[PDB]
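There are 2 protein chains.
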Amino acid sequence: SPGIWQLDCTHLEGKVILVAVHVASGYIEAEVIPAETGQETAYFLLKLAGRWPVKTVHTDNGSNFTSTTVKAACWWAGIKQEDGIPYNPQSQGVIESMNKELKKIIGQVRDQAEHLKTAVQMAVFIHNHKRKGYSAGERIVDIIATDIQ
Amino acid sequence: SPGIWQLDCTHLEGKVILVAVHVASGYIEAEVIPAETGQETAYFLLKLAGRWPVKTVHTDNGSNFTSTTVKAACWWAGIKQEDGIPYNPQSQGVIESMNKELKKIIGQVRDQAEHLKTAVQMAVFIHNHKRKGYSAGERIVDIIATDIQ
Ligand SMILES: O=C(O)CC[C@H]1COc2c(ccc(CNCc3ccccc3C(=O)NCc3ccccc3)c2C(=O)O)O1
Ligand SMILES: O=C(O)CC[C@H]1COc2c(ccc(CNCc3ccccc3C(=O)NCc3ccccc3)c2C(=O)O)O1
Ligand SMILES: [Cl-]
Ligand SMILES: [Cl-]
Ligand SMILES: [Cl-]
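Protein chains in written order, with the authors' numbering: chain A, 57 to 188, 193 to 209; chain B, 57 to 188, 193 to 209.
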């Protein structure tokens, strides 16, 4: 559980927002990319795994699951690459609701930045700091620290 | 101490590597940029603060300390912007040694990537996972978790 992440890709302003969600905490990292290629996904995973102890990644779609470049990144970073089939149907709803929430926040900050990438990073900040009462940022650290201990 | 970060800028292949160091743990995040502008530094800090609980940032130089855009990012993200004067002279040596280490690792992986940005993210991964015996990644999580209580 401490090392499980889920990839998620959503669209806004004719651009792609690639998101990684730490499943147990709801903590996210995200980036704006022109399009969702294996190369972009691979680079994103390399960054993620250098920053958090990523054991397992549930890929967002079959193309990224298939991608040799994504597989190569997972090999390099010591990540178990898995599919993203929602065996638990609640997974769908959670990701869908998160995408809605992220887009809402982006709208709330959109006039504070010229570029979408900036608005997305503001949304990441707000999402991770939001108290629901602990924040997702507090939860991920506590979960991982407990695992280390 | 749990929320204290230091900025660091080093050069390689005619490009700029911007690094943030969590002082207490030695954990880093880094990016390659064409040049070190206030705008680039501001965006980097916005990303960092969305991902870790950044209380204080010691800026890497006077230009970034002065930069209204950097000040605006620190305001936005709730970061205390400070100077980077090494009142403790050991600070210099530590940053210098880290830059040497990072460049060494980049050299060790350089042929595994076409682009410097990729090599830098590999270096971030290796640096943060390296056992010195805990890793910097383990230390940062433990330090922050203990602070949260
Ligand atoms: O622009 C975007 O899409 C996002 C940015 C780009 C930045 O460059 C890259 C990138 C994504 C991937 C690579 C690796 N390329 C294959 C390669 C070229 C030359 C030598 C070896 C290899 C190799 O297979 N190594 C094993 C490996 C694969 C994937 C990840 C880590 C390690 C680059 C790069 O070559 O630098 O994302
Ligand atoms: O290319 C690079 O250098 C790195 C990428 C760029 C991507 O875009 C940006 C960036 C860095 C900064 C900004 C904000 N610009 C001022 C601005 C423009 C329009 C409206 C408001 C503001 C404003 O002052 N907001 C308060 C604020 C300032 C800095 C940081 C966060 C919040 C952008 C952007 O406008 O989107 O880094
Ligand atoms: Cl796409
Ligand atoms: Cl510096
Ligand atoms: Cl420069």
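All C-beta atoms, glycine included, are put in the ideal place defined by N, C-alpha and C.
Taking all protein chains shown into account, decide if residue i is buried (16 or more other Cβ within 10 angstroms of its Cβ) or exposed.
i, result
"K71 of chain B", "exposed"
"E69 of chain B", "exposed"
"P145 of chain A", "exposed"
"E152 of chain A", "exposed"
"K160 of chain A", "exposed"
"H171 of chain B", "exposed"
"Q164 of chain B", "exposed"
"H67 of chain A", "exposed"
How many Å lie between residue i and residue j at the Cα?
i, j, result
"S123 of chain B", "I203 of chain B", "31 angstroms"
"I84 of chain B", "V75 of chain B", "7 angstroms"
"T125 of chain B", "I141 of chain A", "43 angstroms"
"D207 of chain B", "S57 of chain B", "9 angstroms"
"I135 of chain A", "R187 of chain A", "30 angstroms"
"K173 of chain B", "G197 of chain B", "21 angstroms"
"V110 of chain B", "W131 of chain A", "31 angstroms"
"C65 of chain B", "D139 of chain B", "14 angstroms"
"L104 of chain B", "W108 of chain A", "13 angstroms"
"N117 of chain A", "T93 of chain A", "11 angstroms"
"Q168 of chain A", "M178 of chain A", "9 angstroms"
"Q148 of chain A", "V150 of chain B", "46 angstroms"
"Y194 of chain B", "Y143 of chain A", "36 angstroms"
"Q209 of chain A", "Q209 of chain B", "14 angstroms"
"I162 of chain B", "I73 of chain A", "28 angstroms"
Short check: CB of residue i to CB of residue j, under 8 angstroms?
i, j, result
"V176 of chain B", "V77 of chain B", "no"
"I60 of chain B", "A80 of chain B", "yes"
"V113 of chain A", "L102 of chain A", "no"
"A128 of chain B", "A86 of chain B", "no"
"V201 of chain B", "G106 of chain A", "no"
"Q95 of chain A", "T115 of chain A", "no"
"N120 of chain A", "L63 of chain A", "yes"
"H185 of chain B", "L158 of chain B", "no"
"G82 of chain B", "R166 of chain B", "no"
"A133 of chain B", "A205 of chain A", "no"
Looking only at DSSP bridge pairs, what is residue i linked to?
i, result
"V72 of chain B", "B:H67 and B:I89"
"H114 of chain A", "A:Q62 and A:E138"
"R187 of chain B", "B:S195"
"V77 of chain A", "A:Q62 and A:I84"
Review point. Which residues are close to ligand 1, meaning CB closer than 6 angstroms to any heavy atom, in chain order?
Key: A:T93, A:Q95, A:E96, A:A98, A:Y99, A:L102, A:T125, A:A128, A:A129, A:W132, B:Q168, B:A169, B:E170, B:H171, B:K173 and B:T174
Exercise for review: Give every residue whose Cβ lies closer than 6 angstroms to any heavy atom of ligand 4, listed in chain order.
Suggested key: B:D64, B:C65 and B:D116
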